[PDB]
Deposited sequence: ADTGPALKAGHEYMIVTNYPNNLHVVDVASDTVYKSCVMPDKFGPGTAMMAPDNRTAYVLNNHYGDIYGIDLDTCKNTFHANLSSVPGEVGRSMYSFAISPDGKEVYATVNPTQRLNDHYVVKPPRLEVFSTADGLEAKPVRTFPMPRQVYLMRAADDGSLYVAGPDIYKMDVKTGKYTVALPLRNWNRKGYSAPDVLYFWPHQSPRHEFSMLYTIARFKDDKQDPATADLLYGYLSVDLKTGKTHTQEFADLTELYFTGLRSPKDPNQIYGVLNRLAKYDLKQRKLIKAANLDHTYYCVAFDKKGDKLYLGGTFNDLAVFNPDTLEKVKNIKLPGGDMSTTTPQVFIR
C-alpha cells in the first residue's frame, strides 16, 4: 500500500490472525497493514539494516520470512526443516547480519520416525537473503542446547543467548563465553535466571535482557539488567531492585539511561544508580513488552491483547491506546525504526 516516508519514525508489531502492522509514531495511528503468509507464531520481527525489510519468525517457529514494508511483498523465506526426516524449530533464535546479507537461526531439530522421535543436536543455519523464497542453508555449524535470542554486533560477530551468552564467529562457527550466566560462579549469589523472548531493537543499540538472582528461604530476590553493546561488544550487568513483583521486559530510557522501565502487571520506573523504585503505574491489563521511541518521549506497551498503550515516561501515565486491527499480539515484539 502506501510506502513508508523517509525521516519518519515507525513501529512494527505483529497481530494474531497473521498481520504485520506499521504504526506511524508521530500520530500514533496505524499507517498500513500487511497480511503475512502461512500461519502466525510467534510473529517475532526485527528490521533489516535497510529500514525497509522486516524479518519474521513465523509459521509455528519453523520458518523465517522477509517482508518489504513499502509494498507488503514477501521477499524472502527460509524453511528451518531442510534436513531430510527432521522438523526444525527456532526458540526465538534468529538474527540479521550488519549488512543485511545473511540471516542466522539456531534450529533445534527432531527426527520424526514412524513409531518414535529422536531429538537431535541443535545447529546454526545461515541463509543468504539474496536467495529469495526458496532459501536453503549456505552454511551450518553445531550449537549448544537451550539457545534462544541472538543479535549480530556491528563487527559481524553474533552474540548468542544460551546457558551463557556466547560470542560467535559466523564464518568459522567457533564461539567463546562472552558473559557467563549459568557458569557465573559469583560468590554470595545463586546462578541467574533468564526468561527473555523479546529481541529489542532499542535506540541504545544494545542486546539487553532482565534476569533475577538470589543473594544469600533466606535468599534475597533481586532484579538485574544485562547488556551487550552492539557497537563495542562491551558487556554489563547490575541488580537494580529487590524483587517485589515480576516484569517480563525492561528497557533503559534513551533519554535518561539511569532509568529502567519494567512491565507485566504494573509499569515500574526504576533508578539504576539508587537501585530504587521511583514510580509505578497500574495497567488496564497485563502487558508483556515495552518499546521506546527514538527520543524516549513515549513508551509503548505491547504484547497480550490487540492494543498498544502509549505512556508518557516522565509522568508515567497512559496518554492513549492504539487499537490494532485483528486479535492478540501475544509474544510479539514492538520494533521502532526511522525509515
- line: Stretches of deposited sequence not represented by any CA atom are 1 to 3, 220 to 226
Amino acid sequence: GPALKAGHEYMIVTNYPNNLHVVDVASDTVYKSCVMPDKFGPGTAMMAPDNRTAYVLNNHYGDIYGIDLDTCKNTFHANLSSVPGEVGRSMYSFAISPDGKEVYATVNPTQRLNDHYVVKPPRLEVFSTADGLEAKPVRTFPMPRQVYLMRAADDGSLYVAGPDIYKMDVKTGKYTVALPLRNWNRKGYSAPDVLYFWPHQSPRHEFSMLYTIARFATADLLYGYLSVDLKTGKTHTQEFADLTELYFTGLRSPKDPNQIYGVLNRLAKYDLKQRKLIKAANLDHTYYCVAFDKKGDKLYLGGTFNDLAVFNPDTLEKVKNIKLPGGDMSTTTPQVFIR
From here on, numbers count along this sequence of modelled residues.
message: Tell me which stretch, 106 to 114 or 191 to 199, has the higher mean Cα B-factor listed in the entry.
response: 191 to 199
query: Can you tell me which stretch has the higher mean Cα B-factor, 228 to 236 or 94 to 102?
result: 228 to 236
- line: Based on the PDB entry, the highest CA temperature factor among the options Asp164, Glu206, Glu86, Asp169 is that of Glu206
- line: For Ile213, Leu124, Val119, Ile260, the deposited C-alpha B-factor is largest at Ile260
- request: Could you say whether, by C-alpha temperature factor, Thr331 belongs to the lowest, middle or highest third of its chain?
  value: lowest
query: Relative to the other modelled residues in the chain, which third contains the C-alpha temperature factor of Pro180: lowest, middle or highest?
result: middle
- request: Going by the recorded CA B-factors, say which third of the chain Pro49 sits in, lowest, middle or highest.
  value: middle
message: Ranking every modelled residue in this chain by its Cα temperature factor as given in the entry, which third contains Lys174?
response: highest
query: Is the Cα B-factor recorded for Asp271 in the lowest, middle or highest third of its chain?
result: highest
